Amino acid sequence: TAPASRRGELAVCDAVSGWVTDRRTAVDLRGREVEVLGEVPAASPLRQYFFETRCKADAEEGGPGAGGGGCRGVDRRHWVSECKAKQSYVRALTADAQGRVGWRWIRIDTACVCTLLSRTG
């Protein structure tokens, strides 16, 4: 391990990115549950998958910078923080409850962010 100092800019919250090839359902920009088709239009087929980013998963409370606990670098004298997933929209070939197919804006995890709650004096 190399000292946090010998490396560069640190994240207040640790994240993990990776491809998601098995998301079968999502929530669109209207709050409705939708089915995510396995294949998207052509540019032959082409499997539809996504690039998602979540907070580093972590059961033994305590350590700073872990999803579900405090964030790294926050002033505990005045704030209570928590690392949370942040979602955004990406357009996806989907099917609604009526089965109608079409591109729709669905939410996915694209980042892990820090949130605050004052406690100051």
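Numbering starts at 1 and follows the sequence shown.
Unmodelled residues of the deposited sequence between residue 58 and residue 59: 1 to 3.
The modelled chain breaks between residue 43 and residue 44, where 1 to 3 residues of the deposited sequence lack coordinates.
In this entry, the higher average B-factor at the C-alpha atoms falls on 6 to 14, of the pair 105 to 113 and 6 to 14. For the pair 22 to 30 and 85 to 93, the mean B factor over Cα atoms is greater in 22 to 30.
Residue 39: CA B factor lies in the highest third for its chain, per the PDB record.
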